[PDB]
Amino acid sequence: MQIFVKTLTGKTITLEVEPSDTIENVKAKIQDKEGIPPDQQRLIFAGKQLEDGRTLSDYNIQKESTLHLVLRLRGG
């Protein structure tokens, strides 16, 4: 199934995923497309932060759903 990720600057990315895929796997696909490391990425769906050890089906994410990406800043 296809899903959409929106960034804080106005960008929408389209990803091909399976319901059994883990959040850590979704972050790895974003790193491949945009070069953002998984430790600096935060994913939000319906106001809830998604955990790396859970899957897309655990949060009831369905086809054409929109997730939000937030970037963290450690030091500096």
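Any Cβ shown, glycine's included, is placed from N, Cα and C.
Taking a C-beta cut-off of under 8 angstroms and a sequence separation of 6 or more, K6 (ubiquitin cross-link) has the following same-chain neighbours: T12, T66, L67, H68, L69. In three-state terms derived from DSSP, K6 (ubiquitin cross-link) belongs to an extended strand segment. The ubiquitin cross-link annotation in Swiss-Prot covers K6 (among others), and the record cites experimental evidence as its basis.
Residues or ranges marked as ubiquitin cross-link in Swiss-Prot (evidence: experimental evidence): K11 (among others). Within the same chain, no residue at least six positions away from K11 (ubiquitin cross-link) has a Cβ under 8 Å of its Cβ. In the three-state DSSP classification, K11 (ubiquitin cross-link) falls within coil.
What Swiss-Prot lists as ubiquitin cross-link is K27 (among others), and the listing cites a curator's inference. Summarising the environment of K27 (ubiquitin cross-link), the number of other Cβ atoms within 10 Å of its Cβ, over all protein chains shown, is 21. A helical conformation is recorded for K27 (ubiquitin cross-link) in the three-state DSSP classification.
Around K29 (ubiquitin cross-link), a 10 Å sphere centred on its CB holds 16 further CB atoms from the protein chains shown. Here Swiss-Prot flags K29 (among others) as ubiquitin cross-link.
Long-range Cβ proximity for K33 (ubiquitin cross-link), meaning a same-chain Cβ under 8 A and a gap of 6 or more residues, is found for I13, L15. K33 (ubiquitin cross-link) carries a helical DSSP state (H, G or I). According to Swiss-Prot, the ubiquitin cross-link annotation covers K33 (among others).
For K48 (among others), the entry in Swiss-Prot reads ubiquitin cross-link. Counting every protein chain shown, 9 other Cβ atoms lie within 10 Å of the Cβ of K48 (ubiquitin cross-link). According to DSSP, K48 (ubiquitin cross-link) sits within a strand segment.
Per Swiss-Prot, ubiquitin cross-link is recorded for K63 (among others). Sequence-distant neighbours of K63 (ubiquitin cross-link) (same chain, 6+ apart, CB under 8 A from its CB) are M1, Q2, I3.
In sequence order, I3, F4, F45 are the residues near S65 (phosphoserine), counting only same-chain partners six or more apart with C-beta under 8 A. Among the features that Swiss-Prot reports, phosphoserine is placed at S65, with the record citing experimental evidence.
Per Swiss-Prot, (Microbial infection) ADP-ribosylthreonine is recorded for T66. According to DSSP, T66 ((Microbial infection) ADP-ribosylthreonine) sits within a strand segment. All protein chains shown were included, and the count of other CB atoms within 10 Å of the CB of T66 ((Microbial infection) ADP-ribosylthreonine) stands at 12.
What Swiss-Prot lists as ADP-ribosylglycine is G76. Following the DSSP three-state reduction, the secondary structure of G76 (ADP-ribosylglycine) is coil.
Sequence annotations record features per position, and here Swiss-Prot assigns site 'Interacts with activating enzyme' to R54 (among others). The Cβ neighbour count for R54 (site 'Interacts with activating enzyme'), using a 10 Å radius and every protein chain shown, is 12.
Within 10 Å of the C-beta of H68 (site 'Essential for function') there are 15 other C-beta atoms, taking all protein chains into account. Per Swiss-Prot, site 'Essential for function' is recorded for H68.
When Cβ atoms from all protein chains are considered, those within 10 Å of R72 (site 'Interacts with activating enzyme') total 9, not counting its own. Taken from Swiss-Prot, the feature site 'Interacts with activating enzyme' covers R72 (among others).
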Near the Cβ of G76 (ADP-ribosylglycine), how many other Cβ atoms are there if near means within 10 Å?
3
Near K48 (ubiquitin cross-link), which of the recorded positions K27, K29, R54, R72, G76 can be found within 10 Å, Cα to Cα?
none
Compute the C-alpha separation of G76 (ADP-ribosylglycine) from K27 (ubiquitin cross-link), stating it in Å without decimals.
24
Given the recorded positions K27, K29, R72, find the one whose Cα is closest in space to the Cα of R54 (site 'Interacts with activating enzyme').
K27
